[PDB]
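Mind looking over this structure? Questions follow.
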There are 2 protein chains.
Amino acid sequence: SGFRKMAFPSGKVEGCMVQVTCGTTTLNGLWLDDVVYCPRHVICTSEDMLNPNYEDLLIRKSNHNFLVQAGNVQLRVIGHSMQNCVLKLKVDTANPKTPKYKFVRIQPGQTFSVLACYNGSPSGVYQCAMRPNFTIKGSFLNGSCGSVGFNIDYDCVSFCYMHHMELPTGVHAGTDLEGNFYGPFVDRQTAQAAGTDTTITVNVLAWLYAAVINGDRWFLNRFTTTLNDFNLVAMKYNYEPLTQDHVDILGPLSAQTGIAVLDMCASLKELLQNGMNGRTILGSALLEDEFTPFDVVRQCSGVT
Amino acid sequence: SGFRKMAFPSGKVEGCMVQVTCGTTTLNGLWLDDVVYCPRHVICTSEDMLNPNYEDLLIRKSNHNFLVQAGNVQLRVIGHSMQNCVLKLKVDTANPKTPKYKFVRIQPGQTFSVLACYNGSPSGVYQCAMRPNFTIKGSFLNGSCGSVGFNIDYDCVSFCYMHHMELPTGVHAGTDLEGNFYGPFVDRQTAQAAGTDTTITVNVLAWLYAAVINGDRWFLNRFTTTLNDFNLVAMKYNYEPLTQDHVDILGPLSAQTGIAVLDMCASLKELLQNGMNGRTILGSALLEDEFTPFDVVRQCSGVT
Ligand SMILES: Cc1noc(COc2cc(Cl)cc(CC(=O)Nc3cnccc3C)c2)n1
Ligand SMILES: Cc1noc(COc2cc(Cl)cc(CC(=O)Nc3cnccc3C)c2)n1
């Protein structure tokens, strides 16, 4: 028993982290096969971040202008290209530590582990969710750009995120591994609206199931509700509407606990309308939404 | 900016995880140099866990009775010994992936990363603290025994904890890497009192400094306090007494924010006496105590 924000083991990703320097700028790169991926703002100086013409800036760069360092050995760059907001540096050496990998674009509400890096060196690993407004609430500093988010399916690492930017609001924005930003963000020093962020209802419900599995049952009641009645409560509290797909996704957790999804929704409804009244659920005084039903099943079953 | 419960990169520890089988029982082992470390209750059956005579049970075992598997290759056991509550299986092959390591006994209030494992395979990594009552609030299942806790100082992994047991209260107990249990716990199926657990005051204060560094300043006030006045509030709320050593340990965070420790204590005093009033600090509705002043400095500075 016990329930924590558990990140994936980071080993397979640590072996892919390199350092990328372009002029004055140094950020992290991802070395997979003979290709290093990194945010394209590596070619920029502070002066041209207001409105950079990336194609024009890339033109003034050559293969030899991109310094790629793998721990201590210098990688030779034989190619460079821009794919959306990422630069792809073809190096003459395939990464001997390249794991089985995929590049996937995660859906908002899904979770992933982040290996925060500085100068191609990992500093820590934490679990987080792609918020419904496509921002992430991570922990990043100057130099963290190029740090990646991923998931692991047995031996296959699915790379989903590359950190590019901190917005003035303190939230983090980035791209998938093809360079497409999650959300409406642009890689330039300009005013950018993050958008209204709602709570991932299916994740809060899954975490309520984790609480029941882990002994915390104070919030369970003698009531039930309907999808349409629950959704009226969800709208008032800026919660994502619960669909039948979400109910089905919560099926394994419903079967494991013997608590119907709509009975759990009535517990959530009471918790939303009345609060915790000073009590805790799994050591938390607020409703947690960064655990998918999949994360709950995995953690409570012990999937390696 | 941003602040998360960040675990250490787990790679160096993943390369040390092996599977240990003794009869019907299978748990995790730690392979460092030519020695595999694992909880000694691996030699037990469910029938003798009520009051096991470990010396007597170990006598009925020979080197060939201990099955050590490193991923897929069988390790040959040429020695076995019991050191307190851990068994030390001398294998004929040194671990090629042995990192620079130390065995340390952490102090209560200190934090460490746990690589939760099942069948010698890592499933996840999370950060936690040794509670003042020497229990840990981790996430462990049947088979997780042998999972280790550690810290990393540049290239050196300091092993501090080995998971042995879940208590009926849901908390977790274990040993240092010499087999000495943290706390008054014994490795036997018997009634065991965890003891009153207090809040790590120096950690809550350090996390209040992380909040100020990360923009959350609503809780800062026009007041100050003394060590003796603050401690009267700490006792009433089951908080660890704050000493001058703790004030000194918070020195770097005091200098970085320009907020004197005793001014921060008066903010904590008001928060304890009045609560959050429905507000959050770093996304939390309760006072977090599993971040040492060291963890805060490391995360807010970007130490790799
Ligand atoms: C100086 C300067 N030059 O440009 C800027 C602002 O515009 C940008 C635009 C882009 Cl695409 C990227 C960046 C890097 C960044 O945001 N890093 C970062 C990430 N996560 C946490 C903290 C930090 C500092 C800055 N200031
Ligand atoms: C069956 C059975 N045999 O003994 C016992 C109870 O006594 C013990 C005594 C010891 Cl020293 C160790 C264990 C293993 C254990 O506690 N595992 C564990 C760890 N963390 C989370 C979940 C689990 C299940 C059981 N039941």
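Numbers in chain B track Swiss-Prot; the residues on display, in order, are 3264-3567.
So this one's X-ray crystallography, 1.8 Å, going by the header.
Cβ atoms here come from the backbone N, Cα and C positions, even for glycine.
Swiss-Prot lists these features:
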- B:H3304: active site, for 3CL-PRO activity (ACT_SITE)
- B:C3408: active site, nucleophile (ACT_SITE)
- B:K3268: ubiquitin cross-link (CROSSLNK)
- B:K3353: ubiquitin cross-link (CROSSLNK)
Looking at the recorded positions B:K3268, B:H3304, B:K3353, B:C3408, which have a C-beta within less than 6 Å of some atom in ligand 2?
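B:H3304, B:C3408, by Cβ distance under 6 Å.
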Recorded positions B:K3268, B:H3304, B:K3353, B:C3408: which sit with Cβ under 8 Å of a chain A Cβ?
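Going by the Cβ criterion (under 8 Å to chain A), the qualifying recorded positions are B:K3268.
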Measure from the CA atom of B:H3304 (active site, for 3CL-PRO activity) to the CA atom of the residue listed as 'active site, nucleophile' and give the result in Å, rounded to a whole number.
9
On the three-state reduction of DSSP, what should I expect for B:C3408 (active site, nucleophile)?
coil
Between B:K3353 (ubiquitin cross-link) and the residue listed as 'active site, for 3CL-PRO activity', how many Å separate their Cα atoms?
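Cα-Cα distance, B:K3353 (ubiquitin cross-link) to the residue listed as 'active site, for 3CL-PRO activity': 18 Å.
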Tell me the Cα distance separating B:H3304 (active site, for 3CL-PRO activity) from B:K3268 (ubiquitin cross-link), rounded to the nearest angstrom.
31
Count the Cβ atoms, other than its own, that fall within 10 Å of the Cβ of B:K3268 (ubiquitin cross-link), considering every protein chain shown.
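There are 22 such Cβ atoms around B:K3268 (ubiquitin cross-link).
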Just going by other Cβ atoms within 10 Å, which of the recorded positions B:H3304, B:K3353 has the emptiest spot?
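B:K3353, out of the recorded positions B:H3304, B:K3353, has the fewest neighbouring Cβ atoms within 10 Å.
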Look up B:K3268 (ubiquitin cross-link) in the DSSP assignment and reduce it to helix, strand or coil.
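Going by the DSSP assignment, B:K3268 (ubiquitin cross-link) belongs to neither helix nor strand, so it counts as coil.
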Around the residue listed as 'active site, nucleophile', how many other CB atoms lie within 10 A of its CB?
26
